[PDB]
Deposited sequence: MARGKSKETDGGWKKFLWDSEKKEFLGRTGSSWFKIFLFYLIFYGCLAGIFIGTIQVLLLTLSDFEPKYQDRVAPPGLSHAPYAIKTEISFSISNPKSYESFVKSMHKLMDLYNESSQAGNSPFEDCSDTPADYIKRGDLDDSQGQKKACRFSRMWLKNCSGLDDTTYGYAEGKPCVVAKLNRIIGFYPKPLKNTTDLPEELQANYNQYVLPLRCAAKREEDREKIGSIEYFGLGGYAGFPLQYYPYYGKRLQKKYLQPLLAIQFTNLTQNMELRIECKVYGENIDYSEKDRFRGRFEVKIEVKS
């Protein structure tokens, strides 16, 4: 509460805060100048890939009633949102898509993380590879997904020693497996994917990033639980296996699922 002095203190803080804003912006400029356009400086915090699914879980749970229409129409919204992206009309012409092996194959290197080439060509993926899956009104048809990481080469486990799904359909060289489990064996696991395998085809790697690979499509793995049980919470965990795959007691999404299905009908 001063005299005309109100002006002089306004002229000050205007120039002062103006300078500070100009300096702050300057330090942001130099920060950006030290960063690449194709690859982030650090990747150790995404390192072990997360496994996420389409059914938007209220709390890692998808409970509904088969004998009710609007009981599952919530989960079908998100399920549609994802699969709507894997449409064939979205993948047209030799640019920027390519027809890749209809069977799980090896990695594909399109050079380096450089702009010395145009948009790195991504492998096509048909939602039609996802057999059986409106969606499953009774006994859901969940869709799995491995989180994208630039330059990440997901490496499957070798059949040197023992394995959970011991040696069955072990495409050792080219498939990243996904086996869901619960003891408590009151279900019926059915997996759908590329080449009919319960994994991710290695021909979709490495990911070159949004800047070098827009419209890129990551492989999906449809999982159907045609369980003969009803009206009970079933804790089902889908786990991925690999050399570069690990888990955490804290991050319950670190290379695995946590789904609480309940067909309360």
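In this entry, the deposited residues absent from the coordinate set span 1 to 27, 161 to 168, 218 to 222.
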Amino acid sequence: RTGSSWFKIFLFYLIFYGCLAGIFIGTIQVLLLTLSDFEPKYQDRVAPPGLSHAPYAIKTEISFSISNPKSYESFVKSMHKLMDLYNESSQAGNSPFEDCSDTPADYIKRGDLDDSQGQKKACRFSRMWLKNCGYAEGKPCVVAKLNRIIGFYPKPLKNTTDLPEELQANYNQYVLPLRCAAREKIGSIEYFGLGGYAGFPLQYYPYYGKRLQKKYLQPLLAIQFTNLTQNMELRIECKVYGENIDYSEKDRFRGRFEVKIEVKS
From here on, numbers count along this sequence of modelled residues.
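As recorded in the PDB entry, 238 to 246 is the stretch of 21 to 29 and 238 to 246 with the greater mean C-alpha temperature factor. Of the two segments, 141 to 149 and 189 to 197, the one listed with the higher mean B-factor is 189 to 197 (C-alpha atoms only).
For the set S36, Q218, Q203, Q230, the PDB entry puts the maximum C-alpha B factor at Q230.
In the PDB entry, the Cα temperature factor peaks, among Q43, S52, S63, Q213, at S63. The entry lists a Cα temperature factor for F225 that places it in the highest third of the chain's modelled residues.
Sort the chain's modelled residues by C-alpha temperature factor and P154 lands in the lowest third, per the entry. When the CA B factors of the chain's modelled residues are split into thirds, the value for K8 lands in the lowest one.
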